[PDB]
């Protein structure tokens, strides 16, 4: 009753879209364990996301914190809702994301991209069906394992199959929580990953004790953040956090892009020409090269408009407030969705048209209607890491390979925590040059 006055009805994100179009910029939803309000006006996006006065709603994030009694993200960097505790760990971990820290990862990005491309080249008979979803997540996993934790997962070599099963099952579990054997598998998956965390953490401390060389990475900084804890629960919270966040959304984004570009030959031909002109025959992309891939840069932005893996963020409204002419009571979770806003014609002309020119220099920039890495103090720490990562992978693909989506492969979405292609993005492949 306390929310009955708010406009509302008497893939779920598409229902959110229908509701936003039908009911306006402030709509109540009852799908989560708590009534919440989805807010889709730019003014509100700006007001709520671009302020330190508004914090994440812990009731909504507890779904990431613990899954079916089993601690997952805990109080790591994504799911920590206390400002003081968040701010402390953010600033320590920030160091691993400095310009120079990121620049030094170019070798890892290039190596794993080059491995992927050679693996695909060997299958490029225009006949063999290849799951680009699988191949791209293997690549994202291998990049992250090495870049963040100094570990070689070798998923591109077909290793660590149990590990990717664990990730899959726990992600499905986050959404499902919104029988007997599903719960068992999910719980086991979560514990498996935290145990992997302990393993790799042990390996690092031992490396350190034996006075071996340890490059400064994300793991260095999540250890620094926990210098005087009474246990390793915070450490493992952050391990899991970065282990998942550090590859899942990147994988989703890559898969979405390849899927869409597979029906955009004109754009692909343009992307192919850009890559040819800037890197040439080179096998390695420098940092400075990434900047000159302007058209690919725009393509990836447009891919994030239509297909954002991270679809929602929540803030706690503490005091009753008027939001776009709607009275919203105090203690209410507010939902912000780049997915919904990206598909609204009031925000984007022909919203379902894939046009990279929307992000061309001299194009009017989306003013608070596009936020695939969110906005304000709780924006993605991994944003530049991701942008560089996916540019390197995409550029090597485009340099070397032609992709054709196997007929019957759908363009639909599925929700497994984040949004990703429903289908495995099966493609046949041919080398460039006939």
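Residue numbers count along the first chain shown, from 1. Throughout, rigid core stands for the largest set of C-alpha atoms superposing within 1.5 Å between the two forms.
Annotation: of the segments 210-218 and 137-145, 210-218 departs further from this form in 9 other deposited structures of this protein (C-alpha atoms, root mean square over structures and residues, core superposition).
In terms of root mean square C-alpha deviation after superposing on the rigid core in 9 other deposited structures of this protein, the stretch standing farther out between 165-173 and 87-95 is 165-173. Coordinates are lacking for 4 to 9 deposited residues between residue 178 and residue 179.
According to the entry, the stretch of the deposited sequence that connects residue 10 to residue 11 contains 10 or more residues lacking coordinates, which leaves a long gap in the model. Higher average CA B factor: 281-289, of the stretches 261-269 and 281-289. Across the two stretches, 365-373 and 386-394, the PDB entry reports the greater mean Cα temperature factor for 365-373. The residue among 183, 300, 148, 316 whose C-alpha atom has the highest B-factor in the PDB entry is 183.
When the C-alpha B-factors of 327, 358, 85, 343 are ranked from the entry, the top spot goes to 85.
Among the modelled residues of the chain, residue 252 sits in the lowest third by CA temperature factor in this PDB entry.
For residue 169, the recorded CA B-factor ranks within the highest third of the chain. Only modelled residues enter the ranking.
Residue 41 sits in the middle third of its chain by CA B factor, as recorded in the PDB entry. Remark: residue 229 belongs to the highest third of its chain, ranked by C-alpha B-factor as recorded. Among all modelled residues in this chain, the alpha-carbon of residue 22 has a temperature factor (C-alpha) in the highest third.
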